[PDB]
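Numbering starts at 1 and runs along the sequence shown.
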Amino acid sequence: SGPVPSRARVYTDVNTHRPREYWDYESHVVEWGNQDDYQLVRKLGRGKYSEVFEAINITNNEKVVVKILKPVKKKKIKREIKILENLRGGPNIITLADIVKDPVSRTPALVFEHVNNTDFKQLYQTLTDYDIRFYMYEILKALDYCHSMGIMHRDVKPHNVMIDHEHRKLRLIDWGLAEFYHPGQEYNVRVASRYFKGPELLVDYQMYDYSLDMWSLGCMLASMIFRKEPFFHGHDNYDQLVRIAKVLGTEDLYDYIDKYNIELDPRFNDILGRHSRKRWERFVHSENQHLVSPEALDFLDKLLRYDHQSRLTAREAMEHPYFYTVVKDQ
Ligand SMILES: O=S(=O)(NCCCCCNCc1ccc(-c2ccccc2)c(Cl)c1)c1cccc2cnccc12
């Protein structure tokens with residue numbers, strides 16, 4: 001027979017207890033606002049599934065951001081809208097202001113709150129140890145919130161974290177890949193950027209949960225404290241697991257596969273080989289040492305586990321010694 005089932009350790013049944021309409025996004029009816037309320041100012045960026053503009057709401061002269069969606073199935077747009085509405089007002093979640101349609105293109109556009117996000121090239125050369133702890137804590141507040149609300153982000157990465165450094169403000173954006181957690185549900189593993197994919201995705205284990213986000217977060221943390229972006233630099237999805245195995249070791253990987261009775265693609269049998277679990281010390285050097293602490297390494301170790309069940313929860317992560325200074329401030 002097949003893979004062993006799995007349940008989230010936390011927030012397992014939060015959706016089952018909510019009215020169906022909370023999570024049953026196929027039933028959601030979108031209220032479209034008026035495109036004529038917004039005038040586009042400049043293009044900010046492009047993504048797989050959208051073009052992003054700065055715009056002005058001419059009703060009230062507010063700066064806003066418009067995300068014009070490339071063609072996607074109605075149900076995927078409904079999912080993102082429902083999730084954004086459910087999460088609206090939660091800590092460090094992007095605020096969806098409005099939803100409009102071009103009545104000639106028929107293209108849908110999401111309208112967001114404007115966040116003054118800070119030069120990408122620039123700020124990186126200045127991140128102190130404190131800054132990294134602080135912003136990691138801010139991301140964890142967003143993740144604990146969305147997890148507690150029954151939602152997996154499933155695409156946590158630097159591109160999806162806006163920082164307004166002047167205001168010490170952070171927002172988690174791009175909820176287009178997020179999904180509701182239901183115990184027993186088999187999810188699509190073809191999510192997330194290669195470098196941030198959890199082992200569960202790479203081995204095709206479908207019964208995953210919130211803990212996916214914690215792997216992605218660990219990848220981010222490693223890249224920041226070690227000044228190595230990306231940390232796990234695979235050539236493709238197969239090689240991505242090999243890069244992980246060269247760090248975490250193959251013994252624990254095969255233990256995970258055994259525990260869940262996962263059927264490993266035969267492609268992997270050739271290429272995984274045999275690798276020791278490496279000490280984190282091999283990534284420390286004179287340039288990055290100011291970012292690296294016993295605390296940082298202990299925390300990182302507890303995010304980056306093959307076994308999704310063994311990873312810290314968001315709320316556990318927030319209680320780690322890595323954050324004691326930040327917590328004492330607030
Ligand atoms: O296309 S966009 O204009 N631009 C996407 C945002 C840029 C992402 C920049 N990443 C910053 C970042 C993050 C974390 C980090 C970092 C910090 C601490 C620890 C580890 C890593 C570090 Cl070091 C850097 C856009 C797209 C969609 C919605 C938008 C809504 N309102 C404005 C812009 C929007």
Side-chain angles (χ1 to χ4, degrees), residues 38 40-45 47 49-57 62 64-70 80-81 83-99 109-118 123-124 126-128 130-147 149 151-160 162-165 167 170-178 191-193 195-196 212-214 216-225 229-230 314 317-318 323 326 330:
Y38 306 98
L40 306 179
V41 174
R42 63 207 198 67
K43 185 171 311 197
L44 296 178
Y49 296 119
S50 76
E51 282 178 306
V52 176
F53 299 78
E54 118 158 293
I56 285 287
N57 194 344
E62 270 179 6
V64 297
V65 175
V66 181
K67 187 157 156 291
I68 301 183
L69 300 193
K70 288 165 155 55
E80 179 175 4
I81 296 175
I83 285 169
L84 279 169
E85 289 181 353
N86 290 347
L87 290 187
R88 198 196 281 131
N92 302 324
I93 309 298
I94 206 57
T95 310
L96 178 55
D98 196 16
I99 319 135
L110 311 190
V111 177
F112 296 95
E113 72 164 4
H114 192 258
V115 203
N116 275 302
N117 166 258
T118 294
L123 89 167
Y124 175 87
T126 208
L127 264 314
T128 191
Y130 191 77
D131 293 326
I132 296 171
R133 304 174 180 232
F134 181 84
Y135 288 116
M136 286 292 306
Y137 199 69
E138 291 311 306
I139 298 164
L140 287 158
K141 275 185 269 174
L143 293 180
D144 193 53
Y145 187 64
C146 80
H147 297 171
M149 297 289 285
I151 287 144
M152 292 176 293
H153 181 282
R154 306 202 300 183
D155 199 41
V156 178
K157 68 187 185 197
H159 279 194
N160 288 346
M162 290 197 88
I163 315 281
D164 171 359
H165 192 5
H167 302 294
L170 181 150
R171 290 287 175 288
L172 181 50
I173 65 158
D174 281 350
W175 299 84
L177 284 190
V191 306
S193 305
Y195 304 144
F196 300 87
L212 186 66
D213 292 329
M214 302 308 295
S216 307
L217 185 60
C219 291
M220 271 175 61
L221 176 65
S223 94
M224 221 48 241
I225 76 180
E229 221 301 305
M318 277 163 85
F323 302 105
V326 337
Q330 306 172 16

To check you understand the geometry: which heavy-atom pair defines the closest contact between [X] and [Y], and what is its length?
X	Y	answer
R133	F323	O-CE2, 3.2 Å
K70	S50	CD-N, 3.7 Å
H153	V156	ND1-N, 3.4 Å
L143	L217	CD1-CD2, 4.1 Å
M318	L140	CG-CB, 3.7 Å

Inter-residue atom distance [X].[atom1] - [Y].[atom2], 0.5 Å rounding:
X	Y	atom1	atom2	answer
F112	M162	CZ	CE	11.0 Å
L87	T95	CG	OG1	10.5 Å
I83	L96	CD1	CG	12.0 Å
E80	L69	CD	CG	6.5 Å
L172	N92	CG	CG	8.5 Å
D155	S216	CG	OG	8.0 Å

Sequence-distant partners of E85, salt bridge (charged side-chain N to carboxylate O under 4.0 Å, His left out), two or more places apart: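 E85: salt bridge (charged side-chain N to carboxylate O under 4.0 Å, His left out) contacts with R88.
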
Would you check if [X] and [Y] make a side-chain contact, meaning some heavy-atom pair closer than 4.5 Å?
X	Y	result
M224	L127	yes
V115	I173	no
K67	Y49	no

Using the side-chain contact (heavy atoms from CB on, under 4.5 Å) rule, take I94 and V65 through it: C-alpha gap first, then chi angles, then the decisive distance, then the call. CA-CA 11 Å; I94 206 57; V65 175; over 6 Å; no

Whether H165 and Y135 hold their rings parallel, tilted or perpendicular, with breakpoints at 30° and 60°: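 Plane angle over 60°, so perpendicular.
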
With sequence neighbours excluded, residues passing side-chain contact (heavy atoms from CB on, under 4.5 Å) with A97: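 Partners of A97 under the side-chain contact (heavy atoms from CB on, under 4.5 Å) test: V111.
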
Just do the side-chain contact (heavy atoms from CB on, under 4.5 Å) check on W175 and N160 with the steps written out, would you? CA-CA 9 Å; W175 299 84; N160 288 346; over 6 Å; no

Please list, chain by chain and in numerical order, all residues satisfying side chain to side chain donor-acceptor pair (under 3.5 Å) with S223, sequence neighbours excluded.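 By the side chain to side chain donor-acceptor pair (under 3.5 Å) rule, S223 matches no residue at all.
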
I'd like to know whether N57 forms a side-chain hydrogen bond (donor to acceptor under 3.5 Å, both in side chains) with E62, so could you lay out the CA-CA distance, the side-chain angles of the two residues, the decisive distance to 0.1 Å, and finally the verdict. CA-CA 5 Å; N57 194 344; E62 270 179 6; 4.9 Å; no

Could you walk me through whether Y124 and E229 pass side-chain contact (heavy atoms from CB on, under 4.5 Å), step by step? CA-CA 11 Å; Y124 175 87; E229 221 301 305; 5.8 Å; no

Classify the side-chain pair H147/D213 by whether it contains a donor and acceptor separated by less than 3.5 Å.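 Yes, side-chain donor-acceptor contact under 3.5 Å.
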
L221/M136 under side-chain contact (heavy atoms from CB on, under 4.5 Å): CA gap, chis, key distance, verdict: CA-CA 8 Å; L221 176 65; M136 286 292 306; 4.1 Å; yes

